[PDB]
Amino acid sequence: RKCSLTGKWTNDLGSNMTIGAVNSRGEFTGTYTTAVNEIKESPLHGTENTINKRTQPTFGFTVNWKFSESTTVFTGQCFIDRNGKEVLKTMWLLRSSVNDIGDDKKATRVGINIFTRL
């Protein structure tokens, strides 16, 4: 079986990610819906690695937040978990905007996000 990025995904926080069809070049776009009732959507786009047509490919995407000057990038692998469900194991970097090059040092946060099909 293969894990496929296309579809709707959710995480522990109830965020909602929708990824479109992956084209011939491994490119895809989608939307990332998060709460802050108050919910907001931001576009995302990235690629799935296609090198040896693995059934569990690595991928990455950038979320261009519409409600902040920040940017978050996610990278991970689309796995068929031991329990048979597809799962996206990802890690992310959240970059904040700073005005002075001197404050660059503390502008990057890191964390994880695990998604399963909605």
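When you see a residue number, it is the position in the sequence shown, counting from 1.
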Quiz item: Per the entry, how many residues of the deposited chain go unmodelled between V36 and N37: none, 1 to 3, 4 to 9, or 10 or more?
Solution: 4 to 9
Quiz prompt | Segment of higher mean CA temperature factor, 57 to 65 or 37 to 45 | solution = 37 to 45
Quiz item: Looking at the deposited entry, does 71 to 79 or 24 to 32 carry the larger mean Cα B-factor?
Solution: 24 to 32
Quiz item: Once the chain's modelled residues are ordered by C-alpha B factor and cut into thirds, is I114 in the lowest, middle or highest one?
Solution: lowest
Quiz item: C-alpha B factor of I51, ranked within the chain: lowest, middle or highest third?
Solution: highest
Self-check item: Where the record places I101 (Cα B-factor, split into thirds across the chain)
Solution: highest
Practice problem: Using the B-factor values recorded in the entry, state whether the Cα atom of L94 falls in the lowest, middle or highest third among the modelled residues of its chain. | Solution: lowest
Self-check item: Cα B factor band for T108 (lowest, middle or highest third within the chain)
Solution: lowest
